[PDB]
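Spelled out from the first residue to the last, the chains are:
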Amino acid sequence: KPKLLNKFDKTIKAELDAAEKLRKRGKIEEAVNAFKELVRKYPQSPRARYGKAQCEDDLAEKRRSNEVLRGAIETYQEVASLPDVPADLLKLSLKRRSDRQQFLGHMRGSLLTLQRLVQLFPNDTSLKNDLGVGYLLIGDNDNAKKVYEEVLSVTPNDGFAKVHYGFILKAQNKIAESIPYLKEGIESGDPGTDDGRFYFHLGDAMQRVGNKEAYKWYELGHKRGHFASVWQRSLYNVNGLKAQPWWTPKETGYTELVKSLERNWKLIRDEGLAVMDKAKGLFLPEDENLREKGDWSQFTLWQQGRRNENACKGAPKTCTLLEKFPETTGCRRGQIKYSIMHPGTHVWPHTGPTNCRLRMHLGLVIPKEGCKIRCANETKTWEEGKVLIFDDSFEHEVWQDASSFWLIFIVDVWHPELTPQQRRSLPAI
Amino acid sequence: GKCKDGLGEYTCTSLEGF
Ligand SMILES: O=C(O)CCC(=O)C(=O)O
Ligand SMILES: [Mn+2]
């Protein structure tokens, strides 16, 4: 029973209720004028001001307008400025302000709102959980870690804080440490804990430590609608796209691209070798904590469908070749990159983020022994000048145990069943 | 940070309003 009416607002409760009804019934433009009149007669009224903000919120939804939402965001702020705001209404208004600030990508501003909310309600642990999510969204795992520690100091049983703390630990490569927190947080069943991200990383942490229990959690995640399957564990998915670990060129439909990669493979190889020899610093160590051991670096020509101009200066013929194929240069959920691994390298079993791409590998320098890739239950080898294709949303793994280096060219393509408008509008990954 | 090869980030996309 949220108490939103301060003493004066109770004296005008009738007019407020009539205005909110118009907003309930959907007469948006009618309610913005009803609440404008209430804001006129009663300029200090928090409930009138909240009505104006909610209507501005709904108007941003119909019109799909960032500018009108900015105005709503300010009005939600104005509610909190007025005298004598009831606590429930104050909390409702600033929470919704932060949420819509996150909508707009004003992640720094959302953070100030959340920090104020925690300052205003230091006993609300859920507001602290929300604050930590704000830190997580701007990539500040350090402050997010501290926040969930503080939650757990006061409410050790809070499941939301548990999983988020585990997520952070796991992201920090505190693999063993993260398992109990992720596991207990999911088992709590608290709101916000039934999230694919936590099934994803609990199972992966279990795998890395050798806990055969890892797949129990993948099944539960599949059963709760988060994973397409136990083997295919991507989280940014389009449902219905055909799903198989290995593809032939013909199945993908990108027959002309495969032809061109294989016909011109040595120019791609030679430019890659030239960068190894003369510009080796362009190869960057893979830094997503996917390397179990060894030496593994990548030289990226395209990411998120954008050409890296300086990188293409080091592979000019290759970039010229690839420009003819928007199915890969426009794959805003994939990359185009050389990859090199040296002997004694092992890539952890892992999954890519999206089922919306397929990953091509063109072999460039493949030692005759020592090198292999598993996708799902099938392990294959590369050939120099030949293309392999797999769906890297399926769990896959690579070993490099040869006596010399391994070099391939990676070309991501849109999943062939994605329509042109899907390819144009899916957010970049 | 960006989710190129994996799913390590809390969110892999960036919201830019409507
Ligand atoms: O990521 C690389 O550079 C090669 C191995 C791999 O896991 C992939 O191609 O997805
Ligand atoms: Mn991979």
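Residues numbered from 1 in each chain as written, not as in the entry; some residues may be left out. Chains lettered and ligands numbered in written order. Heavy atoms only, no water. Residues with missing side-chain atoms left out of burial classes, pairs and counts.

The deposited coordinates, according to the entry record, derive from X-ray crystallography at 1.95 Å resolution.

If you look chain A up in the PDB entry, it shows as Aspartyl/asparaginyl beta-hydroxylase from Homo sapiens. Of the comments in the UniProt record for chain A, the one headed Catalytic activity reads "L-aspartyl-[protein] + 2-oxoglutarate + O2 = 3-hydroxy-L-aspartyl-[protein] + succinate + CO2". Word for word, the UniProt comment on chain A under Cofactor is "Fe cation". (UniProt positions renumbered as here; feature names shortened; annotations may be inferred.)

A. Up close: the overall build of chain A. From N to C terminus, chain A includes 20 helices and 13 strands. In chain A, 65% of the contacts between residues at least 6 apart in sequence involve partners at least 24 apart. (Helix = DSSP H or I, 4+ residues; strand = E, 2+ residues; numbered from the N terminus. Contact = heavy atoms within 4.5 Å.)

B. Seen up close, the interface of chain A and chain B. On the side of chain B, 16 residues touch chain A, which itself brings 41 residues to the contact. Looking at the side of chain A that touches chain B, its residues break down into 18 nonpolar, 13 polar and 10 charged. (Nonpolar A, V, L, I, M, F, W, Y, C, P; charged D, E, K, R; others polar.)

C. The arrangement of the UniProt feature "repeat: TPR" in chain A in detail. Residue and element names in this part refer to chain A. Here the UniProt feature "repeat: TPR" sits at residues 12–45, 125–158, 160–192 and 196–228. Its end C-alpha atoms 6 Å apart, residues 160–192 is made of 79% helix and 0% strand. Helix makes up 73% of residues 196–228 and strand 0%, with an end-to-end C-alpha separation of 11 Å.

D. Region of interest: the pairing of strand β11 (residues 387–390) of chain A. Residue and element names in this part refer to chain A. Here β11 shows no split at all, with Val387 and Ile389 on one side and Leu388 and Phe390 on the other all buried. Sheet topology places strand β1 (residues 246–247) next to β11; 2 bridges connect them, and they run antiparallel. Across the sheet, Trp247 pairs through a bridge with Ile389, a residue of β11. Here 4 bridges tie strand β8 (residues 357–365) to β11, and the two strands are oriented antiparallel to one another. Within β11, the position partnered with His361 by the bridge is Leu388. (Buried < 20%, exposed > 50% of the residue type's maximum accessible area, 1.4 Å probe, protein only. Pairing = 2+ DSSP bridges.)

E. Structural context of the coordination of the manganese ion (ligand 2). Residue and element names in this part refer to chain A. Around the manganese ion (ligand 2), the protein supplies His350 (NE2) and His396 (NE2) as donor atoms, at distances of 2.1 to 2.3 Å. Residue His350 is found in strand β7 (residues 345–350), and its partner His396 is found in strand β12 (residues 396–400); the two are separated by 46 residues along the sequence. With respect to class, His350 is no different from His396; both count as buried. (Donors = N, O, S within 2.8 Å, 3.2 Å for Na, K, Ca; no water.)

F. Representation of the UniProt feature "disulfide bond" in chain A in the model. Below 2.5 Å lies the sulfur separation expected of a disulfide, and the 2.0 Å found between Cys312 of chain A and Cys319 of chain A, a pair UniProt records as linked, sits within that range. Accessibility assignment for this pair places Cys312 of chain A and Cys319 of chain A in one class, buried. (Disulfide = S-S within 2.5 Å.)

G. A look at the packing of aromatic side chains. Residues and elements named next belong to chain A. Applying the stated criterion across every chain yields a total of 18 aromatic pairs over all chains. Aromatic pair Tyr165 and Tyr181: ring centres 4.8 Å apart, planes at 85 degrees, arrangement edge-to-face. Remark: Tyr181 occurs in helix α11 (residues 175–188) and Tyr165 occurs in helix α10 (residues 159–171); sequence separation between them is 16 residues. Note on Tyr165: relative accessible area 11%, which makes it buried. Since its relative accessible area comes to 29%, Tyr181 is described here as partly exposed. Through a chain of ring-to-ring contacts, three or more aromatic side chains come together here, namely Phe200, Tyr215, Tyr218, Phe227 and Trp231. Stacked on the ring of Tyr218, the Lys or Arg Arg233 has its end atom at 3.8 Å from the ring centre. (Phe/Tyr/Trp six-rings, centres within 6.5 Å; stacked < 30°, edge-to-face > 60°. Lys NZ or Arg CZ within 6 Å of the ring centre and 35° of its normal.)

H. Up close: the site of ligand 1. All residues adjacent to ligand 1 are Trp296, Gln298, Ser339, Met341, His350, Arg359, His361, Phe390, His396, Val398 and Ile410 of chain A together with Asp5 of chain B. Nearby residues place ligand 1 at the junction of chains A and B. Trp296 of chain A is positioned with one of its side-chain polar atoms (N or O) 2.9 Å from an oxygen atom of ligand 1. Taking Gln298 of chain A, its side chain carries an N or O atom lying 2.8 Å from an oxygen atom of ligand 1. Contributions of two or more residues to the shell around ligand 1 are made by β4 (296–303), β6 (335–341), β8 and β12 of chain A. (Near = heavy atom within 4 Å. Polar contact = N/O pair within 3.5 Å; in protein donor to acceptor, adjacent residues only side chain to side chain.)

I. View of α11 of chain A. All names here are of chain A. Given a rise of 1.5 Å per residue, 14 residues ought to cover 20 Å, and the 20 Å separating the end C-alpha atoms of α11 matches this to within 8%. Of all the residues in α11, the buried ones are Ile175, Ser178, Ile179, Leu182, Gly185 and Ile186. Buried positions in α11, seen along its axis, are confined to an arc of 155 degrees and lie on one side of it. The inward-facing, buried residues of α11 contact α10, α12 (196–209) and α13 (214–223). Directly after α11, the chain includes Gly189, whose backbone phi takes a positive value near 75 degrees. (Expected span 1.5 Å × (residues − 1). Arc of directions from axis to C-beta.)

J. Region of interest: the sheet that holds β7 of chain A. Residue and element names in this part refer to chain A. Strand order in this open sheet of 5 strands is β3-β7-β12-β9-β10, and the pairing throughout is antiparallel. Strand pairing shows two members of the sheet lacking a second neighbour, β3 (291–293) and β10 (378–380), which therefore form its edges. Across this sheet, the average inter-strand angle for adjacent strands is 20 degrees, counted without regard to direction. Pairing of strand β9 (residues 371–375) with β10, which is carried by 3 bridges, proceeds in the antiparallel orientation. Along β10, the bridge assignment pairs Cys375 with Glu378. (Axes fitted to C-alpha atoms, helices over the stretch in contact; angles between N-to-C directions.)

K. Layout of the environment of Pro156 of chain A. Residue and element names in this part refer to chain A. Mapped onto the elements of the fold, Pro156 is located in the loop between α9 (141–154) and α10. Assessed through its relative accessible area of 52%, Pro156 is described here as exposed. A C-alpha to C-alpha distance of 13 Å links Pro156 and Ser126, two positions 30 residues apart in sequence. Once residues lying within four places of it in the same chain are set aside, the contact partners of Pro156 are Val151 and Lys162.

L. Inspection of the packing of helix α3 (residues 28–41) of chain A against helix α4 (residues 46–63) of chain A at higher detail. Residue and element names in this part refer to chain A. Relative orientation of the contacting elements α3 and α4 amounts to 155 degrees, with a least axis distance of 9 Å. Accordingly, the angle class assigned to the pair α3 and α4 is roughly antiparallel. Handedness of the crossing formed by α3 with α4: left-handed. For the pair formed by α3 and α4, the contact residues are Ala31, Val32, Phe35, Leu38 and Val39 on the first element and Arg47, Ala48, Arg49, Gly51, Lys52 and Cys55 on the second. (Parallel < 35°, antiparallel > 145°, perpendicular 65-115°, else oblique. Left-handed = near helix turned anticlockwise from the far one by under 90°.)

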